[PDB]
RNA sequence: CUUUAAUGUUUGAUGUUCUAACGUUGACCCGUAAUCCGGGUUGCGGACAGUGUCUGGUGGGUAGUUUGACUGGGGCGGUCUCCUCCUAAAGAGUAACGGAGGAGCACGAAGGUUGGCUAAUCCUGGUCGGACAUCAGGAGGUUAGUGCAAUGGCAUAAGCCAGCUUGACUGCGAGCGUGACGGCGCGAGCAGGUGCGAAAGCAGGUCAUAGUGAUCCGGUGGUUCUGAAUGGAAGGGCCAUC
RNA sequence: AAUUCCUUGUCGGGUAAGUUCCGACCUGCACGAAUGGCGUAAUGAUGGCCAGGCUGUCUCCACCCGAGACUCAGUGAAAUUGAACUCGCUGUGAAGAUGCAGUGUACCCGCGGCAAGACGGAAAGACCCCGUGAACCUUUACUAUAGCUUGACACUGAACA
RNA sequence: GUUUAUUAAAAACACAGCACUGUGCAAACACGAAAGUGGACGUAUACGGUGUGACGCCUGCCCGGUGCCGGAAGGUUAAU
RNA sequence: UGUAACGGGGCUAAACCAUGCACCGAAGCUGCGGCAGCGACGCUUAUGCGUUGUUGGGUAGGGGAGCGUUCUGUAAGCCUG
RNA sequence: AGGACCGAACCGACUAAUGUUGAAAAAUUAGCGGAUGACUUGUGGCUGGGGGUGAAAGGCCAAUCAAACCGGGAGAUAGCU
RNA sequence: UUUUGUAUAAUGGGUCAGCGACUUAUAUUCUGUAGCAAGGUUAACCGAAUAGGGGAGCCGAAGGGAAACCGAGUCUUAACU
RNA sequence: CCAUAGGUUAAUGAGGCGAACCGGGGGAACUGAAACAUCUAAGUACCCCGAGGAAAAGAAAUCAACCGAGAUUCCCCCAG
C-alpha cells in the first residue's frame, strides 16, 4: 500500500553569507518565502531568490514579523 | 553506441538537415594560391590545370586567406569583400 | 482530459497561429484574443476556437 | 576492411571547428502546445555534445 | 432546353435452343502377339467442368517465434512514471516488498493590472426559522481561505470583491541551479509590439512544488532554402504544429 | 466409491485387538447415463481382504553337504590418486578437522575380518533458480503458409426470343 | 489376444457389438509439384472417419457458448 | 563422544582493586651495511657525485625497464674431430 | 467343432534369488503365460526422417529416437564455466 | 581457481615428457620516433624494375549555416546592448 | 482412298570420367539485430544443367550536360 516518494528537489541555500555573487546567481532555491527578498535580490516565480546585482550575500532579520531578508551589498 | 539497453545518444536525438548536392561542386580558393596558376589569369580551368580545385568543381570563390602579391586578373569566380580589396590592392583586377 | 486543442489563427493575411486548449462543452462560443502577430509584427485579433 | 560509419549518427551530429559535435535538441517534434514558449525557444538552436558523450560519438563517426 | 412518339441503327443484360473448342477412368478399330499411350470412328457431357494469374474467407494441417523485471529461492499477490511528508544522522543527496498520502488535470477567467476589503467559530437580540440558511451587535484572532494531496508559504496578502483587459506576447538573454547524459528549472536585462495605472511601476500565465512520453515514421499550414539537362513540379529541409 | 477433503464418517460383520476388507446409511468437498450408467456367468502371471493346509517366513536359530572366501604354485586386472612422516577428545575455523590450538594417548610392520569417518568412488545434481539458452507439445498468443473455398480475367462460341 | 526390445504386462491398447457421420464411383479419403497408385478389379448389406466397447436392463433434460448442417431476405464485404 | 566456560599445569594470589618503579615484547622506531624510485640543488652540461630530503605491502588494472628461445642480415667472418 | 482344456518342441517374459569393474552393454537358475491360432518361423521384397511404422508405449526405425546416422553450412552461437 | 571470505570437508590436477591459448589482415584514433614542412604524400600501373616515373587522389592550410549563400567571419532575428 | 503414325537398314554424332575457375536453373538455416517477425546471414552453403581453355560480357534505343565522351572486361580512386 506504500512504497512511493518523489524525487528530491535540491532546495536550500546555494550561496551563504558573505559569499560573493554575480548578477543572476540563485541564492536560495526554496518553497514558500521562508527567506524574503531584500535589497538587490529578486524573487522568481517559484520563490527562488536570485542576485539582481553583484556583491555579497547578506542574511538579515527585519521588520515587525521578524522575517529573514536577503540583501546584497554592492561589492 | 550501446549504452546497455538505454536509448542511445545517436537515436534519442532528432535528425536535421539535408545534403546540398551543390556544395560538393563549390570550392574555396585562398589567396596563398593564385600565384600558382601559371598565367596571372584565374578561371575555373587555370585552377583545375594547376591541381588546385578538382575536375568536378563548377563554382569557386576567392576567400581572403593570406597574401596575394602579384597582379592577378580574376575571371568568372566569386570573390569575397576582403579579398576583393586584397586583390585590387596588390595591383590586380576582378571582372565577372 | 476533456479539454480539447484549438488553433488561434491570425486575422491578418499570414498563416501564423497560436495554439491552446479549450473546454468545448462549457464554452461553446468562439475565442477571440488580440495576440501578437510576428509576421505583421503587430497585435492582431485571433479567432478560431476549433 | 574500411570502417563503416554508424549511419544514423551522421544524420544527427555535425562536426565543428574545434572538433566538437553539434546536434539538434530533443523534445521539439510533437506535443507542443503544452510546452511553454520559453522551453521551445531555448530548444531551437543547435547545441554541443557534452563531455560524457563525445567518446560514443567519435566511435560512431570515425570519418567526421 | 424540357418532355415524349414511331422507325432505323448502335451496344449491353437474361432465358431457351444449337454444335464446333474442351472433358470422357463409355464402345469399337489401328500402331500391336499391349487393361500404358497415341491416332481414327462414334456415344455422352459441353462453354460447364478443369487448370493458370489475381483476389476475399477459412486454415495449429504445418512452420517461425513471443510469452518482462523487482522479489529477503522462485511462483501467487503487489509494484514499475510523476508530486508531498517522515526515515534522512540541523547544507545537498541517501536504501528496503519501510511508514503515510496524492497526480495522469482544471481555468479565457480561477490569467494581467488597477482600486478596495478581511476570516473560522462562539455568545446575545431578532417574523416564519429549526442545532445550523438571512439581519444586527459583541468576543475572537486567521483555529479561516488558498480549483484538487501534503509540506513550505501568504495580511504589503499568495485569501475575498469589483473596473478595464489579453503579457496565457514574438526574438533573445548576463548569470545561475540541477542532472552520467538526454534533459529540466530560475532569470535581471535588450529589441519589437501591447494591457492596466494619474504615475512610480507591474505583466513572457495561475502562491509554489504533480497534471506526463525521446527518436523514427507520417499528417496539416507557412517559407523558392534545395529542387540530379534546363523551367517548373514531386520529394526533402527550415519554422509552427498534430 | 480406482471418485469422500473433513475422515480411521456412523452403524453392523469378521478379529483378543481391523486406518485395510465386506454390508449398510447418504451430509455425492468434487458420481451419473455411449469422453456411457448400473448389473454381469466365464476368464485374468490383474488389485484388495479372509480361511483350511503347509511350512526356518518367524519365535531363534542349529547342524550338515557343496562353490567361493583362507594357505601354496602359475598367470595376473580395475575404479581411484595434489603431496603425506594419514591418532582420540574439547574448542576454533568458509560456520560438521588426521593436519589449527589445548590436551590425552600411541614401539615398528603385516594377515583375516567389519564398514562409523575420510562431507569415500562412479556421473560439470535430473529437484530449485538463472540464461532476453534449446527442443518437442498445445491453443480462440502473434505472423505466415499448405490445403479447402469464393469471384474476376484467360483457355472460351453460336442461334433466337 | 497386444504393449513401454533393456525397471511399468496393467484397470492401458485391441476386440466382437453399438451409434454418429461422410461417401453415387473419375466415390469420400490417403500417398503424390504431376502423372499415377491404394480405397477396390469393390459399389451404400460397400467403403472411410469418429466415439463407445460382449451380453442384460437402460441411455433423462439443455441448442444460450463453440462446431457442424441448412436458408436466403437485408446490413457489411476483395480483386475488377 | 572426553575433563571440556582459565589454552594447560597449577594458583588462596600466580585473583581483584589502588599506587609506583623495573623488565619482556613486532617485519614499529633506532644503529650499521646495501639497492632502487621521485624531488630539490653546485657542478658535471649529453650525467655522475661531495650531496641532500623523502619514498619502496599490494589484487583488478595502468606505466617503465629487461632476460631467454627459434629464425634472417652482419657471416665465404669467428669457434669446432 | 473350438481366437476350446492339460502339456513338451516353439514363441514369450509374471515372480524371486544371483549377477551388477557380469559368464552376459539385459543374462542364469527355480518356478511362470500362450502353445490350431489375431500363432510361430526361414528366405526374398516394400515403406525413410517432421518421414516411415505403430492391437498406441512417444514405442520401434542397426546396443542411438519428443525427430536416425553420415558429411557439410561450421571455428553456429555461448552476456556462461 | 572462484570468492565477502578457503587448510577447508568448494573446483582442478596420478606423475613425467612433448604440444596447448591475445594472432593476422585492412581501416580509424592517440603516443613515441624519423623525413619533409604551409605543405606532406602517392595508389593502380609503366619499369634499366626495393631505383626512377606515375600527384588520379587523400589529408592540411577556414569557418558559419539545414541550405542557398556569406566568409575571418557567419548563423539567429525585423535588428541584436 | 491418297497420306501421316509406325517398322527395317545404312551413315554421322553423342553417352562416361575429371581439381579449381565460368554461365545458368533452384536455394537454406544457424548467426547478427544484445528477444524477434521486416532486415541480416545471403543469392552464401548446397543440389542440378551446360561449356571452354578460359567462360561471360561486348560495339550505345550508354552516359553526360548545353561542354563533351565514345563497345565489353579487369585494377586504383571516387567513398564508407
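Chains as they are written, first to last, in the deposited numbering: chain j, 11 to 85; chain Y, 49 to 144; chain o, 4 to 53; chain q, 2 to 65. Beta carbons are placed, not taken as given, at the ideal position from N, Cα and C, and that holds for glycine.
Residues sharing a beta bridge with residue i, DSSP
| i | result |
| --- | --- |
| residue 143 of chain Y | Y/123 |
| residue 11 of chain o | o/21 |
| residue 45 of chain o | o/40 |
| residue 66 of chain j | j/30, j/83 |
C-beta contact flag for residue i and residue j at 7 Å
| i | j | result |
| --- | --- | --- |
| residue 110 of chain Y | residue 140 of chain Y | no |
| residue 90 of chain Y | residue 79 of chain Y | no |
| residue 10 of chain q | residue 58 of chain Y | yes |
| residue 37 of chain j | residue 59 of chain j | yes |
| residue 85 of chain j | residue 79 of chain j | no |
| residue 27 of chain j | residue 67 of chain j | yes |
| residue 49 of chain Y | residue 29 of chain q | no |
| residue 42 of chain o | residue 19 of chain o | yes |
| residue 61 of chain j | residue 31 of chain j | yes |
Residues that residue i contacts on chain Y, provided the C-beta gap is smaller than 7 Å
| i | result |
| --- | --- |
| residue 57 of chain q | 49, 57 |
| residue 1 of chain q | No statement about residue 1 of chain q is possible, as the shown extent of chain q runs from 2 to 65 and does not include it. |
| residue 60 of chain q | 49 |
Backbone CA spacing between residue i and residue j [nearest angstrom]
| i | j | result |
| --- | --- | --- |
| residue 76 of chain Y | residue 108 of chain Y | 6 Å |
| residue 65 of chain q | residue 52 of chain Y | 25 Å |
| residue 21 of chain o | residue 142 of chain Y | 51 Å |
| residue 33 of chain q | residue 29 of chain j | 40 Å |
| residue 66 of chain Y | residue 62 of chain q | 17 Å |
| residue 27 of chain o | residue 37 of chain o | 20 Å |
| residue 134 of chain Y | residue 125 of chain Y | 15 Å |
| residue 112 of chain Y | residue 138 of chain Y | 13 Å |
| residue 34 of chain j | residue 144 of chain Y | 53 Å |
Residues that residue i contacts on chain q, provided the C-beta gap is smaller than 8 Å
| i | result |
| --- | --- |
| residue 17 of chain o | Going along chain q, no residue has its Cβ under 8 Å from residue 17 of chain o, so there is no contact; the nearest lies around 18 Å. |
Within chain o, the residues that residue i reaches when beta carbons sit closer than 8 Å
| i | result |
| --- | --- |
| residue 34 of chain q | 8, 22, 23, 24 |
Cβ-heavy atom distance, residue i to the ligand MN, below 6 Å
| i | result |
| --- | --- |
| residue 33 of chain j | Ligands are entirely absent from the displayed structure, and the ligand MN is therefore not among its contents. |
Proximal chain Y residues relative to residue i, where beta-carbon distance stays under 9 Å
| i | result |
| --- | --- |
| residue 13 of chain q | 57, 58, 59, 61, 62, 63, 64 |
Tell me which residues of the region 24-36 of chain o have at least one Cβ-Cβ distance to chain q shorter than 9 Å, keeping chain order. Result list: 24.
Contact list for the region 92-110 of chain Y against chain q, Cβ threshold 8 Å: So nothing in the stretch comes that close.
What residues in the region 17-34 of chain q bring their beta carbon closer than 7 Å to a beta carbon of chain Y? Per Cβ criterion, the list reads 24, 25, 27, 30.
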